[PDB]
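Trainee: an experimental structure, sequence included, is below.
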Amino acid sequence: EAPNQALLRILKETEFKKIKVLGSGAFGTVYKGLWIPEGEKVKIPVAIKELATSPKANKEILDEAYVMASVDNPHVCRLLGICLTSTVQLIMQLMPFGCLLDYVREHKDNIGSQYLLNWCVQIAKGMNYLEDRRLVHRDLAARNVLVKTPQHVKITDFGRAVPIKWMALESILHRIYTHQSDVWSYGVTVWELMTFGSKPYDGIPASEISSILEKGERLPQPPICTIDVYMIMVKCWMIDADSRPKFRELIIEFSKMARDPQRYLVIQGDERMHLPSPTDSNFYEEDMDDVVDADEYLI
Ligand SMILES: Cn1nccc1-c1nc(Nc2n[nH]c3ccccc23)c2c(n1)C(C)(C)OC2
């Protein structure tokens, strides 16, 4: 098939400053930082993932870099480069608002219908691109959607390609992963958004989900959802994978809705709700001179 002509950019350690720790766990530690290419007179806000050295860990971080460097879409997270220190470091464009799951939980009192519907379009665009690239995500969830600006989200953690509660029925029973099992997870992601970060099948142990789905029970209709929106989620949760919507259809359907959002989502005090915007002033710590976003920096 087609040769993967993606460029793997190797970055010098001396070209990037670590500022603060955004997270830490099993994967290692993620830092907020700046990338300053020598003589370029640019400072690019970045997220840096660093790993002690073991041959197993290094193999895993490089498979992640291969996938991340292979994608290029406005609604998918891309790798900027890698740093070849003792433990390999992955450099990515900073998504300053964090992940969508925590964003909806923390900002539920100001998330209006235009935002939820546009996020649904953006995630479907990202997913439709991954489909054109024949790349099955396998882990789509609201936690794996990053927020660049409240009006611009990008999918991530497709680079690892078990979350039973987001998985399709063919995936649970037979470990069948396709672009149509990705549609089921998309339906769950939408449910997460529409409920402002609620946990799907909360308090129901994972080893029971398969039987629940086989009996025909599904996630409930969120209070803000009209039957129009809920029918879409229900269509993502059909047993027949071919019956589920295509991402191309999801972009269209949610875009139609996004044009008259209050007809499709019923949110109390929707028209007086507001989030930060790049059309606003003061939207953009120490020296903020010469900083450019990675989306506007090309070579
Ligand atoms: C905030 N932001 N902006 C771009 C990327 C990220 C980010 N990446 C993460 N994991 C990564 N996965 N792959 C990477 C490559 C380079 C840098 C980071 C990662 C993780 C998080 N955020 C949190 C703290 C929300 O949890 C983990």
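Mentor: It's in. Residues are numbered from 1 along each chain as shown.
Trainee: mind listing what's buried along stretch 261-280?
Mentor: 261, 264-265, 267, 270, 273, 275 (16 or more other C-beta atoms under 10 Å). Yep, even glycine has a C-beta here, placed from its N, CA and C like the rest.
Trainee: and these, which is closest to the ligand?
Mentor: For the buried residues of stretch 261-280, the minimum distance to the ligand (C-beta to the nearest ligand atom) is 17.5 Å, reached by residue 275.
Trainee: between which two of the buried residues of stretch 261-280 is the distance greatest?
Mentor: 264 and 275 (18.8 Å; C-beta to C-beta).
Trainee: could you pick out which of the buried residues of stretch 261-280 are near the ligand?
Mentor: Among these, no residue lies close to the ligand (C-beta under 6 Å from any ligand atom).
Trainee: let me see the contact set for the closest residue to residue 241 other than its chain neighbours.
Mentor: Closest residue in space to residue 241, ignoring its immediate chain neighbours: residue 180 at 3.7 Å, by C-beta to C-beta, 6 or more residues apart in numbering. Residue 180 is in contact with 168, 241-242, 244, counting by C-beta atoms under 8 Å, 6 or more residues apart in numbering.
Trainee: buried only: go through the residues you listed for me.
Mentor: Buried among these (16+ other C-beta under 10 Å): 168, 241, 244.
Trainee: and the second one, how far from residue 125?
Mentor: Read it as residue 241. 21 Å (C-beta to C-beta, to the nearest Å).
Trainee: then the first one?
Mentor: Separation of residue 168 from residue 125 (C-beta to C-beta): 21 Å.
Trainee: go through the buried ones among the contacts of residue 180 and name the one nearest the ligand.
Mentor: Distances from the ligand to these, taken by C-beta to the nearest ligand atom, are shortest for residue 168, at 24.1 Å.
Trainee: you'd agree the closest one is up against residue 184?
Mentor: Yes: counting by C-beta atoms under 8 Å, residue 184 is a contact partner of residue 168 at 3.7 Å.
Trainee: SS state for the closest residue to residue 242 other than its chain neighbours?
Mentor: Leaving aside its sequence neighbours, residue 242 sits nearest to residue 180 (C-beta to C-beta, 6+ apart; 6.9 Å). Under DSSP: H, G, I helix; E, B strand; the rest coil, residue 180 falls in the helix class.
Trainee: now the strands for the stretch 51-200 of the chain?
Mentor: If DSSP state E, counting those that start in this stretch is used as the criterion, the strands of the stretch 51-200 of the chain fall at 79-83, 89-93, 145-149, 152-155.
Trainee: pick the most deeply packed of the ones you listed.
Mentor: strand 152-155 (a mean of 24; mean count of other C-beta atoms under 10 Å).
Trainee: is that one anywhere near the ligand?
Mentor: No: Strand 152-155 does not reach the ligand (C-beta under 6 Å from any ligand atom); its nearest approach is 8.7 Å.
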